[PDB]
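Visitor: The structure's right below; bear with me while I get my questions together.
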């Protein structure tokens with residue numbers, strides 16, 4: 001089942017990115033302005049959902065960039081997998 005396979009890849013990647021985001025915001029903002037993990041989950045899923053509320057964001061030199069870098073990579077990485085998911089839907093139709 002390829003449909004299944006890429007569904008998995010999507011989920012895996014999402015999970016990975018969420019994890020990287022939690023782990024990303026965890027050690028940094030924990031210094032200057034302390035934030036709970038749920039705030040991170042929020043931010044991550046707020047970034048990959050393309051929402052961007054802005055209640056709390058990075059105020060620090062590296063902190064923004066790191067989030068940014070992860071997004072930029074994600075924004076390339078995001079469609080790769082959606083693109084993938086599309087390819088199978090085309091195979092299923094065939």
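Along the chain as shown, the residues are counted starting at 1.
Cβ atoms are placed via backbone N, Cα and C, with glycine included.
Here Swiss-Prot flags 51, 52 as K(+) 1 binding site. If you look up Swiss-Prot, you'll see 37-57 marked as intramembrane segment. Marked as topological domain 'Extracellular' by Swiss-Prot: 30-36, 58-61. If you look up Swiss-Prot, you'll see 7-29, 62-83 marked as transmembrane segment, on the strength of experimental evidence.
I'm curious about the neighbourhood of these features; can you describe it?
Guide: In sequence order, 46 constitute the residues six or more apart from residue 52 (K(+) 1 binding site) in its chain with CB-CB distances below 8 Å. The DSSP secondary structure for residue 52 (K(+) 1 binding site) is coil.
DSSP places the residues of the topological domain 'Extracellular' (30-36) in helix, strand and coil in these numbers: 3 helix, 0 strand, 4 coil.
Sequence-distant contacts of the topological domain 'Extracellular' (58-61) (same chain, at least 6 residues past either end, Cβ-Cβ under 8 Å): 28-29, 32-33, 67.
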